[PDB]
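A look at the structure
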Amino acid sequence: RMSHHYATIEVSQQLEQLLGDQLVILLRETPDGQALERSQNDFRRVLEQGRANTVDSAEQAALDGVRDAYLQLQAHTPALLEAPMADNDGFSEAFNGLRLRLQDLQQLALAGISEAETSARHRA
């Protein structure tokens with residue numbers, strides 16, 4: 001009824017931390033390629049294990065959207081990390097869409113918790 005929503009909140013928080021790591025790396029003058037790849041692979045790991053374990057159907061759909069938004073952001077990673085970002089407006093927009101989705105995932109999870117709390121009080 002409720003514990004799985006808490007797990008979804010945790011997935012989103014971890015993703016947000018890893019996204020932050022990625023931005024911090026990308027913001028440096030000489031970003032480290034191995035660190036960037038590790039952060040991307042870890043974001044993907046957390047997201048995909050999270051999706052595989054998500055029980056709520058609406059949270060599954062939201063995590064699918066997070067995946068698409070993440071791929072959009074990842075697509076902006078320059079082949080050469082010393083190279084300038086090719087599409088700054090696009091990178092900004094992909095970043096914005098992803099962080100807003102991660103925030104809404106948590107809000108969605110919180111709503112499910114709230115509704116389960118209410119239902120628990122009327123089952124007994």
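As annotated in the PDB entry, the chain carries the name Probable two-component sensor and is attributed to Pseudomonas aeruginosa.

1. Concerning the overall build of the chain
Secondary structure summary: the chain contains four helices and zero strands in total. If you list the helices and strands of the chain from N to C, you get α-α-α-α. Relative to its 124 residues, the chain shows a buried fraction of 33%. Long-range contacts, defined as pairs at least 24 residues apart, comprise 69% of the intrachain contacts of the chain with a sequence gap of at least 6.

2. A word on the side chain of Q40
Inspection of the secondary structure assignment puts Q40 in helix α2 (residues 33–53). With a relative accessible area of 13%, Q40 lands in the buried category.

3. Things to note about the pattern of salt bridges
Enumeration according to the criterion identifies six salt bridges in this entry. Put simply, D42 and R38 hold a salt bridge, and the shortest N to O gap is 2.8 Å. In this pair, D42 and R38 are both assigned in helix α2, four residues apart and thus about one turn of the helix distant. Between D64 and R51 there is a salt bridge whose closest N-O contact spans 3.3 Å.

4. Comments concerning the packing of aromatic side chains
Counting across every chain of the model gives one aromatic pair. When the ring of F43 is compared with that of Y70, the centres are 4.2 Å apart and the planes differ by 15°; the resulting orientation is stacked. Of this pair, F43 sits in helix α2 while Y70 sits in helix α3 (residues 57–74), placing them 27 residues apart in sequence. No difference in accessibility class separates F43 from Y70, as the two residues are buried.

What counts and how
- Residues numbered from 1 in each chain as written, not as in the entry; some residues may be left out.
- Heavy atoms only, no water.
- Helix = DSSP H or I, 4+ residues; strand = E, 2+ residues; numbered from the N terminus.
- Buried < 20%, exposed > 50% of the residue type's maximum accessible area, 1.4 Å probe, protein only.
- Contact = heavy atoms within 4.5 Å.
- Salt bridge = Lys/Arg side-chain N within 4 Å of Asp/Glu carboxyl O.
- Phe/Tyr/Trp six-rings, centres within 6.5 Å; stacked < 30°, edge-to-face > 60°.

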